[PDB]
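In the form deposited in one PDB entry, a lone chain appears below as structure tokens.
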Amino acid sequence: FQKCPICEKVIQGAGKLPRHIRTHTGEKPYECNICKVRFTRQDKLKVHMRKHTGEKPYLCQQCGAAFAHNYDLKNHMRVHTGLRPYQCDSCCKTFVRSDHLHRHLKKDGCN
């Protein structure tokens, strides 16, 4: 629980305070050594490394399929079970992704 000196908002996490400040300046200290592409966060560079190496460690437990990223694994999991998990309370329309439900909720015409 720390307060950002710039936008005066509470940021939780001891080490996350420098990272949030990095979003107010646009600096990208981390740079890939192969494609020379600069990133704002280190973990994003780690994902970019997964692209170059070709590693797909996200292995489905039910069927054994391997995927590059986590969201690709999530998209495969809904095929195994729960194709359309979300729903609108008022209109009872099924949705696949949370943002898609918020898309209907952004209109908010049912409420």
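Only residues modelled in both forms are compared. Throughout, rigid core stands for the largest set of C-alpha atoms superposing within 1.5 Å between the two forms. Start at 1 and count along the sequence shown; that's the residue number.
There is another form of this protein, the form deposited in another entry, and it is not shown here; the text below is about that form.
Classify the change in Cα distance between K46 and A66 in the other form as closer or farther, relative to the shown form (magnitude of 3 Å or more).
Relative to this form, closer in the other form.
Indicate closer or farther: the Cα atoms of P29 and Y58, in the other form, relative to the displayed form, with a change of 3 Å or more.
Pair moves closer in the other form.
What moves between this form and the one not shown once the core is lined up, counting runs of 3 or more consecutive residues with C-alpha shifts of 2 angstroms or more?
Shifted run of three or more residues, which all move 2 Å or more: only 54 to 81.
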